[PDB]
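As structure tokens, one chain now follows by itself in the form deposited in one PDB entry.
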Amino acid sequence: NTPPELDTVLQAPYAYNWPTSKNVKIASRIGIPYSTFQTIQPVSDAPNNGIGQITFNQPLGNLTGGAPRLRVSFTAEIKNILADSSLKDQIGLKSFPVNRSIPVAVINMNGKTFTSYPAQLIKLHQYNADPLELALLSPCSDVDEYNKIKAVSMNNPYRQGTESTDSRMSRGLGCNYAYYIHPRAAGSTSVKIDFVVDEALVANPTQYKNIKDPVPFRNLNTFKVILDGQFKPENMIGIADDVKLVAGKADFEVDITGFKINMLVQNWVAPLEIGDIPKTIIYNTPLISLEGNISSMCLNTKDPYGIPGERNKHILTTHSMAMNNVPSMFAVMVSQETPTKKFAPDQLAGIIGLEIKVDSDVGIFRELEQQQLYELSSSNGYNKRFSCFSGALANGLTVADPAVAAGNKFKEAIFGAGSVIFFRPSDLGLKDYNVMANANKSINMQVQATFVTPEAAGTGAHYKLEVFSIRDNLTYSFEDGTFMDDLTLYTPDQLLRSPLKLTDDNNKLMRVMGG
């Protein structure tokens, strides 16, 4: 054996590639103009507390912006605050408050209805995208890293603009959204705050994924958007966990008043320079479905801030989930189904173990510990840090401090927000090689998750294991006005025989959707 001959190259700086008449060109520009925005009012008066069906109906010729936005404005009254609380860096909005407040939405484009679930869509998408991309969707794009929020915490998401490390990554007042706090009298136990939130609608077939440069829709003879409006305090208002309550009150009481809503769209004539618009335009419109869920009361007997190994290992196992084709990705999370406190972070469990069954293949990922489950999820787009994901004790030295008495340990204890595990069928390493993304092949799946919860010793709460699927799904816009959508399914043999793609395509006009 001998090493093979390797050819040589002489690297030199790009500065020596001299700009000349042979390699320089002057650009002019056309673009999507900003003189083209219009405000669409709903067909009837929106409910003053934001609870009820809301409908928009507006035909639009030519091009319509692919990421239309909903603009809500309202007053929130927060009661049962201890008298003369400063509330510095302690009040704000929850993450993606518009889409979190819409359990279901129906969009009609030229007689074709699209039914989707924005609250579910954004619940997954918020953990699975570039933060700067998410900041263009919502002014409240930052997601909670920890299960309790306190004023001093460094990345406290209710920090004001001047008190935040990055005001873009805060949901506090004086950050990305307009607000006004009503005057607070001395001795007052309540506060009124006006809000305005301009957020992109996360619902099929909108282009929330391509919010950087969204492909517009064309020639909408019929265009309706029907929302299940659930803009209730629990889906919007956030209060830090160290805000003190009035004596004899368990939780804060919040009321939404003066609720208004409009849809903001861009509408413009296509320029002649780009040429004739093609007969059939394709749009990436992912189908998210809850494949299975199951819950149980989880009772902690031992301290969650104590020895990590002695934390109560709660187990939930789904029923068999029948699927007629293979999704491109799955998402697993264990969350508190009925929250105790309405305005605190979403209580997710720290998943410490995961075993998966697919048809006859059993015990997949059984060997994996938290670090590898984090690595797995991160490799499929999970956008947060291990301190959050793990659900482990985040401030052990603060709690272990002997100055903190035994009765106040739990109060001081702050945990990571919890786990969301994204996995693809290729990660499973199935000996059945026909089980591949977008394969037209039926399968049965069962998911068991072992997890730890942040509740104190002698207390408990209900937790639900959820398994979602993210299927590749396209929407087709035909020249005659018709809209259709379908899954992109092929036989195992087609996909196995297809050409390899180890890199991006050299032709930059090409797009490779799904997988």
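Take the two forms, find the largest set of C-alpha atoms that superpose within 1.5 Å, and that set is the rigid core. A residue's number is simply how far along the shown sequence it sits, counting from 1.
Keep in mind that the form deposited in another entry is missing from the display, and what follows is about it.
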* Shifted position (C-alpha, 2 Å or more, core held fixed) between this form and the one not shown, chosen from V358, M436, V399, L376 -> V399
* Asked: Core aligned, does the CA of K260 move at least 2 Å between this form and the one not shown?
  -> no
* Does superposing the core leave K192 with a CA shift of 2 Å or more between this form and the one not shown? -> no
* Does the distance between the two CA positions of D346 reach 2 Å or more between this form and the one not shown, the core being superposed? -> no
